[PDB]
Amino acid sequence: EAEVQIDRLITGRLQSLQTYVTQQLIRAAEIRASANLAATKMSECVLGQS
Amino acid sequence: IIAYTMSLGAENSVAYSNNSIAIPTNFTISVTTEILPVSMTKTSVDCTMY
Amino acid sequence: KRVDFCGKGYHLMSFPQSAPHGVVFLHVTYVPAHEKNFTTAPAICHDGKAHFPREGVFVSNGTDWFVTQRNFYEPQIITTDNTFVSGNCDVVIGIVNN
Amino acid sequence: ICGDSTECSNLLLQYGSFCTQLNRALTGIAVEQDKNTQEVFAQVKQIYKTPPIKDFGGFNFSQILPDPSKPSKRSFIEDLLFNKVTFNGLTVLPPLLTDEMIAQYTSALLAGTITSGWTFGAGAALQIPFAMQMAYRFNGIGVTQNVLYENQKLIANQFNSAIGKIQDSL
Ligand SMILES: *[C@@H]1O[C@H](CO)[C@@H](O[C@@H]2O[C@H](CO)[C@@H](O)[C@H](O)[C@H]2NC(C)=O)[C@H](O)[C@H]1NC(C)=O
Ligand SMILES: *[C@@H]1O[C@H](CO)[C@@H](O[C@@H]2O[C@H](CO)[C@@H](O)[C@H](O)[C@H]2NC(C)=O)[C@H](O)[C@H]1NC(C)=O
Ligand SMILES: *[C@@H]1O[C@H](CO)[C@@H](O[C@@H]2O[C@H](CO)[C@@H](O)[C@H](O)[C@H]2NC(C)=O)[C@H](O)[C@H]1NC(C)=O
Ligand SMILES: *[C@@H]1O[C@H](CO)[C@@H](O[C@@H]2O[C@H](CO)[C@@H](O)[C@H](O)[C@H]2NC(C)=O)[C@H](O)[C@H]1NC(C)=O
Ligand SMILES: *[C@@H]1O[C@H](CO)[C@@H](O[C@@H]2O[C@H](CO)[C@@H](O)[C@H](O)[C@H]2NC(C)=O)[C@H](O)[C@H]1NC(C)=O
Ligand SMILES: *[C@@H]1O[C@H](CO)[C@@H](O[C@@H]2O[C@H](CO)[C@@H](O)[C@H](O)[C@H]2NC(C)=O)[C@H](O)[C@H]1NC(C)=O
């Protein structure tokens, strides 16, 4: 039965880690979009007149 | 195998002055590439078969 | 006209080519080269009036003084047709007699 | 999820490869962050430097140019910005670019845009006096250079006051 208890703990921790990874992926996508916008602004409004 | 500190590039001090300009006298025409993905493979999955 | 959007330099035209799952752009651009250094002044004082260039800039190879375009060296003699007048020259910082 | 236990590892073994793809995703995220920084800041072929003498028609860039006296080689505004804003199997990796290199990129960009205008973004940098560059920009926005060449002093004073107000507000 110790193995059953360990199984419960394992599945709970795995679920939590999966949730964390998914949230990190979403946030990374948003940050990448922001970085692309910043790169375009640096290219246009610093190296030239828009 | 050698480990070093990366260099940001070359370095020059452009000769600024308040009554001097630089004007080009010749030109070149260059051709460059850029590659952009637009699609990914269309796939389908069946539950009961899986 | 938006800088560095397609091609490093002034943009001229582009050509598309297909790809297995994407596209490939060939950008044709114009890049200046072989620069030369010159002496400059923002306006010319004549008869007490100030003259500015319509499009271009004043330069000189030591003497003479000419008007050129900004992206290609091509001197021309200064005439009342490629310049315009604005007031008397006492406030402009950098006037030269000619 | 096991904390160095043999039986826990053995039990976890029968779940397949649930952990290779997690590390794969995290490494992808890290590489993406490095690429983001590199592509946003590295846009200069060379590293330019401002001339020792600074007479930009009355404009004053002292608040923004780097200060060699300070060890960080950062500007006043950058230092204000940096001052204002503040294990169980997990690690944090340092970025590929240190802060000094980023500051050096910013300094190079700003020196290039002060001295050469917009020319250094297309080919090789070509020098030009700052007043003539401002005249070009006014000509760009639809106003003749007459206005700048007649109101240089007022324009410079307004710019300096605005930059000081920005410093104070920040
Ligand atoms: C502008 O550049 C082009 C190419 O760099 C020059 O054309 C070359 O001139 C040399 C000198 O005689 C020749 O040996 C090459 O064969 C030319 N190249 C081509 C593709 O024709 C041109 O002379 C330069 N213009 C000026 C005014 O210097
Ligand atoms: C045009 O003239 C200027 C000034 O004479 C030249 O500037 C030189 O730049 C080099 C490299 O920075 C220095 O070693 C020289 O001492 C500078 N000359 C001086 C200060 O008289 C410039 O190279 C010339 N050519 C161009 C294309 O600008
Ligand atoms: C600056 O360029 C001008 C444009 O050609 C030169 O003017 C003529 O140059 C030729 C060749 O040297 C002479 O034979 C003519 O007598 C010049 N005419 C005039 C009105 O100047 C000028 O010599 C050049 N100056 C320098 C210092 O290079
Ligand atoms: C451009 O810079 C030069 C210096 O390179 C300035 O010339 C100075 O002018 C002041 C006021 O007349 C003199 O006290 C200095 O002795 C001059 N310097 C030198 C080295 O002679 C000039 O005023 C600046 N502005 C222009 C030409 O419009
Ligand atoms: C351009 O020419 C004018 C007039 O020929 C010069 O103005 C003279 O300047 C001297 C010295 O200050 C005065 O003594 C004269 O009374 C002025 N004359 C006039 C009509 O204003 C002017 O100095 C010249 N500019 C340069 C740079 O030499
Ligand atoms: C550009 O602006 C700076 C403001 O930061 C000026 O530096 C000030 O100069 C005054 C007079 O020497 C001093 O009392 C202040 O303490 C300085 N401020 C700082 C933060 O050091 C600088 O003088 C201006 N540039 C010019 C050419 O006037």
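Per chain, the count goes from 1 following the written sequence and can depart from the entry's numbering; residues without coordinates do not appear at all. All chains are assigned letters beginning with A, and all ligands numbers beginning with 1, in the order in which they are written. The chains in this view make up only part of a larger assembly, and the values are for that part alone. The side-chain quantities take in all heavy atoms of the structure and omit both hydrogens and water.

Header annotation of the entry names cryo-EM as the structure determination method and lists the resolution as 2.9 Å.

Under the PDB entry, chain D has the name Spike glycoprotein and belongs to Severe acute respiratory syndrome coronavirus 2.

Chain B is annotated in the PDB entry as Spike glycoprotein of Severe acute respiratory syndrome coronavirus 2.

> Describe the nonpolar core, with residues and values.
Soluble globular proteins tend to pack their nonpolar side chains together in the buried interior. We define the nonpolar core as a collection of buried residues of types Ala, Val, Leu, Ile, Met, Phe, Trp, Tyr and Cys that are connected through side-chain atoms lying within 4.5 Å of one another. Buried means the residue's accessible area, taken with a 1.4 Å probe over protein chains only, is under 20% of the maximum for its type, while exposed means over 50%, and partly exposed covers the values in between. Core analysis: the biggest nonpolar cluster contains 28 residues, and D:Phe56, D:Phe59, D:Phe61, D:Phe130, D:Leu148 and D:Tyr149 have the highest contact counts within it. Helix and strand definitions follow DSSP, with helices as H or I runs of at least four residues and strands as E runs of at least two, each counted in order from the N terminus. At six residues, helix α5 (residues 130–141) of chain D tops the list of elements feeding residues into this core. Here D:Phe130 is in contact with B:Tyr16, D:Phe56, D:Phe59, D:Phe61 and D:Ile114, once residues within four sequence places are set aside. Counting 14 residues, the second largest nonpolar core, distinct from the first, contains D:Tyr48, D:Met101, D:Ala108 and D:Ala125. When checking whether two residues touch, look at their non-hydrogen atoms; a contact exists if any pair is within 4.5 Å.

> Lay out the interface of chain D and chain B with the relevant residues and their values.
In this assembly, 18 residues from chain D lie in contact with 15 residues from chain B. Across the chain D to chain B interface the summed buried area is about 1,800 Å²; carbon plus sulfur atoms make up 64%. Here's the idea: put two parts together, see how much 1.4 Å probe accessible area each one loses, and the total over both is what we call buried area. A per-residue breakdown of the area chain D buries against chain B is headed by D:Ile47, D:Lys49 and D:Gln127, which together make up 30% of the total. Across the salt bridge formed by B:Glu11 and D:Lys49, the nearest N and O atoms sit 3.1 Å from each other. Polar contact is defined as a pair of N or O atoms within 3.5 Å, subject to the rule that within protein one atom must be able to donate a hydrogen and the other to accept it, and that residues adjacent in sequence are counted only when both atoms are side-chain atoms. Viewed at the interface, chain B and chain D are joined by five residue pairs in polar contact. Looking at the side of chain D that touches chain B element by element, the count peaks at four residues for helix α4 (residues 99–116) of chain D. One side-chain nitrogen of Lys or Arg within 4 Å of one carboxyl oxygen of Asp or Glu is enough to make a salt bridge.

> Report on the UniProt feature "disulfide bond" in chain D, specifying residues and quantitative values.
By disulfide we mean two sulfur atoms from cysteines, separated by a distance within 2.5 Å. UniProt positions are given in the numbering used here, feature names are shortened, and annotations may be inferred rather than shown by experiment. With its sulfur atoms 2.0 Å apart, the UniProt disulfide linking D:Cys2 and D:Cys8 appears as an intact bond in this structure. Since its relative accessible area comes to 6%, D:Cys8 is described here as buried.

> Let's hear about the site of ligand 6: which residues, and what values?
Residue and element names in this part refer to chain D. Only a single heavy atom is needed: when it lies within 4 Å of a molecule or strand, its residue is near that molecule or strand. Surveying the vicinity of ligand 6 reveals the residues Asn-60, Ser-62 and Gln-63. Within the side chain of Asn-60, an N or O atom sits 2.4 Å from an oxygen atom of ligand 6. Here ligand 6, which alone exposes 580 Å², has 20% of that area covered by the protein. Throughout, the Shrake-Rupley method with a 1.4 Å probe supplies accessible areas, and for residues the shown protein chains are the sole cover considered.

> Go over the pattern of salt bridges, please, and point to the residues and values.
When the charged atoms of two side chains lie near each other, side chains of opposite charge can form a pair. All names here are of chain D. Scanning the model with the defined rule gives six salt bridges over all chains in all. A salt bridge links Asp-79 to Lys-70; the nearest nitrogen and oxygen atoms lie 2.4 Å apart. Here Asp-79 falls in the buried class, since its relative accessible area comes to 9%. The network of salt bridges with shared partners includes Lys-70, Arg-74 and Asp-79.

> Pulling in residues and values, what's your account of the pairing of strand β7 (residues 72–76) of chain C?
Residues and elements named next belong to chain C. Both strand β6 (residues 66–69) and β7 contribute to a ladder of two bridges, which runs antiparallel. Its bridge partner being in β7, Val-67 is matched across the sheet by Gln-76. Each pair of strands is called paired provided DSSP finds at least two bridges between the two strands. Where β6 hands over to β7, the hairpin turn is made up of two residues, counted between the paired strands.

> Give a description of unusual backbone geometry that names residues and reports values.
Residue C:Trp65 is not a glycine yet carries a positive backbone phi of 70 degrees. Mapping C:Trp65 onto the fold places it in the loop between β5 (57–59) and β6. Given a relative accessible area of 13%, C:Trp65 falls into the buried group. The backbone of D:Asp4 shows a phi angle near 60 degrees, a positive value even though the residue is not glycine. Counting through the fold element by element, D:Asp4 comes out in the segment before α1 (6–13). A relative accessible area of 84% means that D:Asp4 is categorised as exposed.

> Outline the sheet that holds β6(C), listing residues and values.
Residue and element names in this part refer to chain C. The three strands are arranged β5-β6-β7 in an open sheet whose pairing can be described as antiparallel. For this open sheet the edge positions go to β5 and β7, each flanked by a neighbour on one side alone. Ignoring which end each strand starts from, the neighbouring axes of this sheet average 40 degrees apart. Of the strand pairs in this sheet, β5 and β6 are connected by three bridges, and their pairing is antiparallel. Within β6, the residue paired with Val-59 across the bridge is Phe-66. Note on definitions: angles span 0 to 180 degrees between N-to-C directions of axes, and those axes are lines fitted to C-alpha atoms, for helices only across the stretch in contact.

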